[PDB]
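Protein chains in written order, with our numbering: chain A, 149 to 909; chain B, 149 to 909.
Note that beta-carbon positions come from the ideal geometry of N, C-alpha and C, so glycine has one too.
Each remark here refers to the structure printed beneath this line.
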């Protein structure tokens, strides 16, 4: 197949393999290496000698999980060797890292004797914080893990053994709550005796199922006690008292079919004879025991789940292990025990019922999902999985006493969990915590924010995520029923209760058209034009804000930047000495840089540049950071006629206005951001410690700079945001994504709170 | 100590540990993971099943080396455990990666029985391409490696056993060539019986030393045959027929002292009694058997070497293992054998004699080094090490038959080796190969290039590296003896034979001042001013170029950009329709982007922007790449009055001039570089596949853009370079580093060849 060859080149091209190792600390100099190695590395070693625990503080143990296998059960290809099994392992590690931020070593072992293999593995224990076995044959595997969990004082976990059980377990919980079943009256039939089969029962049972109501099958029919044909010590756990000997006889009147075998194993004939509301987990690969459509054909009352990505309810293990190993690892647990595996099932099934975020609908091509028969388990790609599962896993490991380190700030824990991908995401979270902070100080009151484009798909979808973060109270504009149509159209019930206002219909409408009239009658407006402009949701919004009928507004999700910025300016205006200006954030590992003005003024004058900068400094001072400002130029201090003079004189004005602040010009870009270049070449410069605020000499330089950093800099950039207006106001771009719309709203809310506080004085 | 605590926070802060694992292939989408894992990963596995060899083609084996230890000998702290020994290992891996680009897993093993440990290690063989043991006690270690090298069909190597031997071995070779000794008449005394001692002899001997002339000591004196006090099976290798029982009796008349013990072990008394020209390797840590100054005190004829970084001849293993494992790994060798270890000693000692590059002098604070008594071995930080050692290691492994894959293009091999750090470095190497390519087609003739600032430290030092790459024939300007003074002052004898010209003294001087006269008498020059301006090296250079007395020039390593660009323009001029323009390269993983004009024109007109671009396209077409051009703006196609109109009309002109080329405007930045944004929003745009040539609307935008990418983009940027002049000419900045000066010269040479070729037509 072309797909086969595409896989081959994926692995082969460029750097062969799928993994690489890098340093987590600087490693450039005589000094850097004199820290990471001799003579420096002695200091941690000695400290680990005196207290072994500290091995987690100075080393990578705390995040290092080994994926180990002998390649005696790779995927569905079986015992194909340790060599051929390696890529699958590299990949399993990739999954670890991408889904829970966990670093992983692939270890391919050449021993098929249970004892060689264990004697080899157990002695790796100081290396890893946790051990993930994968793709090892039955029944050897059971002997190996059962032994190892006992042997080693770190967690040991065979993913193929327990994953399927945990996800299909959460799934069963849900289906059972759905169909009003009780676990203790559920009959469960397991066809198949692979790695997974044995643990499925352990778990359903652990969730409350009666083992008498559980029948288990293999390639030779029902497993009845005393059957000797093809048994091992481990299958012997779940033999039934039943007289049924064929699968079919077992599935007669059965409530749930746990299908762990091959396709076609489940006939429409057996389906006709299962209980009312049959729960069917057909997880055979690549093809299920029966297709969902063929099953809905025999019994429309059937609930169906597979491991395939193109059918509903994809049962993929990745819902499981990453979140789990994570939670374990963070508490420095000694095991992954049953308390924990169950806590994980309970978390997955709990998360499943929450309204499906538009980020997730997005991952799967806009398809809407609601908790039900077609959504039993969170989609494998929910970014919330980790946030919901890992903390409960740690919570369990602490409650069960296998943990050696206690997590106290739960919220903090989750925060770090989000933080895992996104140096920007962390920033917006700081931001939101800081909205909540002065929110709760002024009565828990939330800033009122109007969204003129009330039928905007993107604005709505953003709002959705917005409310459960309790950022703002949303007011949309348009015809109330033509927007509730779009809320019901987007399956977004999160926000069924928000204010929806038609301009022309609102009581203060006329009071408004009069107030616009006097503000603009001598600027080209008669009494008629003000009536018709106030009918524009934008002008209606702004006027709402100016009068205090709302604390802020945001639009421009549908309109050109300009077209959307003008009514704001004509209604709200700027405060004394203000200038309208667009500002960006560039987010690095430590600091962030502020870029302006990137949307508004075409070729700003010196006075104007000094004001842009001063505002940018009030904004950075808001976050408790010392603002450092550079008026950018093509020259290093020339004062030459033209741009340099404008910028030099600009900085001079800015200092004239705020003498406590470090401000300079004119200077090139690199000369700005880098304090080393500054001290080496222009030691006279008042700017040291590198600039954190970059003012551009004109619009060409700033728009090209910000969009070029965004595309090439591979550092993350948010914005642009609007500044300098009398009231909390902000313009989006049409190209704005939903994320953009929600953080933009956050800033709007904050500045609003800041407006209220400037009022209090 | 404050240093101890600084080490602690180095390891503890941010992400605990010192290592992380990432993916080497994209991993973002349903598609990305459907390749790296199921169902895709089946395709490599099946392929490895049919031919095991292919495990190197689709997996990370080919670059994966395990550093393994039980922590029974960590540094000088001894048997402190597998746990405490981990950080030292993480660090050893860091070294692997940083010095030879080798990925490394740290494996800390809890077994002190030779047999547990080996039985555990050998079964890891499918995982790694090679095995590095480190810091394991004697004599267990000998049993373990001696066993393992036999056991496993991948290389096994205990670094502490052989490193010291290999580096101190190259070092001995040199000292022996220096003092005109022959190995077979050398007497060698080894004090100490650590890991290293045993292999030292193996190697000196393998280099030609007679074992009868070798005496070996430990904590109980000389090792004589039959002494039973404190022996093991392995010390028994090198017992001597000698009657000396104390160290002192051994060192009487000894030629070389191999000191592997503790400080003070070597008295001035014993020193008085060693042979003429005593070679002293005192490598005890942290303090040597004797300080170099205390040793030079007793015997000034003594050659001395330590493992300390602040004394000459630092013997650090890093000269050894990285280069070695590299060369092995690339040939898919089954061992690291003696043929190879020796080939490595021969490479290190050969490299030691090459003139010391200014990059290396730079690493150590400008100190100059020449092969001699104070430089026996390349400095640990020579970037050449790898380039010289690894290919010879592979060469040996192929000649000795332990290899399973043959390297043919040796040059290519080295090229890739350089390439290892530097996506820009690879580019300049392409460039140089391409200078050599049309050089060898026009008679091996090299472009003549004049360097007016002939006393420039940086220009000289650059030239040094330049010649051995045979790029150009350098002509310097200044007073001949005042520059040969600076060549002798910089210990840079590489270039003792280059043309050195005083302007005023040269025969064509007057012919020149006359030709300047008529070119500029009606532009403010009398006959006198031309005499005195031609006395300026710059004008002298340019005039040399204009007349064909040289093929090109470069300066501005000392002068302001402008001040240095003016004489060029006044003498050489531009060709028909030319515009003077500064251009940069941005280097990514695949493509590169071209930025202009970043130094010259302040606010270029439309006609001018179209010409800047056209030139930039001749330049990108030169490298066989399809040029894609965007006239950058703050707008997406507004044609609005102002910048957008200028740029839109600009592109329109550029197409009017070269209709085969993909050129567009006006457009924002991101809209340019990203073909996806282009197809989604402006599908009408003639520009698809993302822009690779970015023309700026003015100087503010371009200087701020390029210097901002350089500082934040963390993609690499070279330049600025000069374009559009009639002849090969180029201006440096004062801030230019030596690297900058040498690649700048390369381009100058090339354009010169391109000038010659345009002439041929």
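### Query
Would residue 791 (chain B) count as contacting chain A if we go by Cβ distances under 8 angstroms?
Closer than 8 angstroms to some Cβ of chain A, the Cβ of residue 791 (chain B) qualifies, so yes.
### Cβ neighbours of residue 405 (chain B) in the same chain (closer than 6 angstroms, five flanking residues each side left out)
For residue 405 (chain B), where only same-chain residues beyond five positions count, the Cβ hits under 6 angstroms are 337, 428.
### Query
For the alpha helix (DSSP H) that residue 541 (chain A) lies in, which residues bound it at each end?
For residue 541 (chain A), the enclosing alpha helix (DSSP H) starts and ends at 532-547.
#### Entry: Residue environment, residue 799 (chain B), which counts as buried when at least 16 other CB atoms sit within 10 Å
Buried, by the Cβ-count rule.
#### Entry: Strand pairing of residue 703 (chain B), partner residues [DSSP]
In the DSSP output, where bridge partners are listed per residue, residue 703 (chain B) has B:879.
### Message
At the level of alpha carbons, what is the spacing between residue 562 (chain A) and residue 240 (chain B)?
### Response
Inter-residue distance for residue 562 (chain A) and residue 240 (chain B) is about 34 angstroms (C-alpha atoms, whole angstroms).
### Query
Since residue 281 (chain B) and residue 217 (chain B) are thought to touch, with beta carbons under 8 angstroms apart, how far apart are those beta carbons, to the nearest angstrom?
About 7 angstroms; that satisfies the 8 angstroms criterion.
### Query
Should the region 521-540 of chain A be regarded as contacting the region 452-467 of chain A, the criterion being three or more beta carbon pairs within less than 8 angstroms?
Yes, they touch.
### Query
Does the beta carbon of residue 183 (chain B) sit closer than 8 angstroms to a beta carbon anywhere in chain A?
Taking 8 angstroms as the threshold, the shortest C-beta distance from residue 183 (chain B) to chain A falls below it.
### Task
Examine the Cβ distances between the region 773-789 of chain A and the region 894-904 of chain A and report whether three or more of them are shorter than 8 angstroms.
Touching, no, given that fewer than three Cβ pairs across the two stretches are closer than 8 angstroms.
### Task
Compute every distance between the C-beta of residue 699 (chain A) and the non-hydrogen atoms of the ligand COA, then say whether any falls below 7 angstroms.
Among the components of this structure there are no ligands whatsoever, and the ligand COA is therefore not found.
### Message
Checking 8 angstroms against the spacing of the C-beta atoms, do residue 596 (chain A) and residue 699 (chain A) come in under that value?
### Response
Taking 8 angstroms as the Cβ cut-off, residue 596 (chain A) and residue 699 (chain A) qualify as a contacting pair.
### Query
Would a C-beta distance cut-off of 8 angstroms place residue 278 (chain B) and residue 476 (chain B) closer than the cut-off?
With respect to residue 476 (chain B), residue 278 (chain B) sits close: the two C-beta atoms are nearer than 8 angstroms.
### Task
Could you name the residues of chain B that residue 863 (chain A) contacts, counting a contact when the two beta carbons are closer than 7 angstroms?
The answer, in chain order, is 860.
### Task
Identify whether residue 379 (chain B) lies in helix, strand or coil by the three-state DSSP scheme.
Here DSSP, grouped into helix, strand and coil, assigns residue 379 (chain B) to coil.
### Query
Using a Cβ-Cβ cut-off of 6 angstroms (strictly less than) and excluding sequence neighbours within five positions of residue 713 (chain A), which residues of its own chain qualify?
These residues qualify, in order along the chain: 879.
#### Entry: At least three beta-carbon pairs within less than 8 angstroms, the region 480-489 of chain A to the region 549-560 of chain A
Touching, yes.
### Query
At a Cβ threshold of 8 angstroms, is residue 836 (chain B) touching chain A?
Taking Cβ atoms only, chain A never reaches closer than 8 angstroms to residue 836 (chain B), which makes this a no.
### Query
How many whole angstroms separate the CB atoms of residue 839 (chain A) and residue 820 (chain A), which I take to be in contact at a CB cut-off of 8 angstroms?
Between residue 820 (chain A) and residue 839 (chain A) the Cβ distance is about 4 angstroms, and since that is below 8 angstroms, they are a contact.
### Message
Please state the DSSP three-state secondary structure of residue 595 (chain B).
### Response
In the structure shown, residue 595 (chain B) adopts coil according to DSSP, grouped into three states.
### Query
If contact means a Cβ-Cβ distance below 7 angstroms, which residues of the region 256-277 of chain A contact chain B?
Answer in chain order: 256, 257, 258, 259, 264, 267, 268, 271, 272, 273, 274, 275.
### Message
Taking the alpha carbon of residue 500 (chain A) as the reference point, which residue from A:601, A:325, A:582 has its own alpha carbon closest?
### Response
Residue A:325 is the option with its Cα nearest to residue 500 (chain A).
### Query
Between residue 342 (chain A) and the rest of its own chain, which residues show a CB-CB distance below 6 angstroms, the 5 nearest in sequence each way excluded?
Answer for residue 342 (chain A): 408, listed in chain order.
#### Entry: First through last residue of the beta strand (DSSP E) which encompasses residue 205 (chain B)
Boundaries for residue 205 (chain B): no beta strand (DSSP E) harbours it, while the alpha helix (DSSP H) harbouring it runs 203-206, taken from the DSSP string.
### Message
Please tell me whether residue 435 (chain B) has its Cβ less than 8 angstroms away from any Cβ of chain A.
### Response
Residue 435 (chain B) does not count as touching chain A.
### Query
Taking only beta-carbon atoms, is residue 254 (chain A) less than 8 angstroms away from chain B?
Yes, residue 254 (chain A) counts as interfacial toward chain B.
### Message
Are the CB atoms of residue 851 (chain B) and residue 817 (chain A) within a distance shorter than 8 angstroms?
### Response
Taking 8 angstroms as the Cβ cut-off, residue 817 (chain A) and residue 851 (chain B) qualify as a contacting pair.
### Task
Using the Cα positions of residue 302 (chain B) and residue 243 (chain A), report the straight-line distance between them to the nearest angstrom.
Residue 302 (chain B) and residue 243 (chain A) have their C-alpha atoms spaced approximately 28 angstroms apart.
### Query
DSSP on residue 557 (chain B), reduced to helix/strand/coil?
Residue 557 (chain B) sits in coil when the DSSP states are folded into three classes, being neither helix nor strand.
### Query
From the beta carbon of residue 587 (chain A), is the nearest beta carbon of chain B less than 8 angstroms away?
For residue 587 (chain A), the answer is no, since every Cβ of chain B falls outside 8 angstroms of its Cβ.
### Task
Report yes or no: is there a C-beta of chain B within less than 8 angstroms of the C-beta of residue 569 (chain A)?
Taking Cβ atoms only, chain B never reaches closer than 8 angstroms to residue 569 (chain A), which makes this a no.
### Task
Measure from the C-beta of residue 193 (chain B) to each C-beta in chain A and report whether the shortest distance is under 8 angstroms.
Closer than 8 angstroms: yes.
### Task
Could you check what DSSP says for residue 732 (chain A) in three-state terms: helix, strand or coil?
Residue state, collapsed to three classes: strand.
### Query
Beta-carbon of residue 306 (chain A) versus every beta-carbon of chain B: anything under 8 angstroms?
For residue 306 (chain A), the answer is no, since every Cβ of chain B falls outside 8 angstroms of its Cβ.
### Query
Helix or strand or just coil, what does DSSP make of residue 142 (chain A)?
Residue 142 (chain A) cannot be examined here, being either before or after the span of chain A that is shown, 149 to 909.
### Query
Using 8 angstroms as the Cβ pair cut-off and three pairs as the minimum, do the region 720-740 of chain A and the region 633-651 of chain A touch?
Between the region 720-740 of chain A and the region 633-651 of chain A, the count of C-beta pairs closer than 8 angstroms stays below three; the two stretches do not touch.
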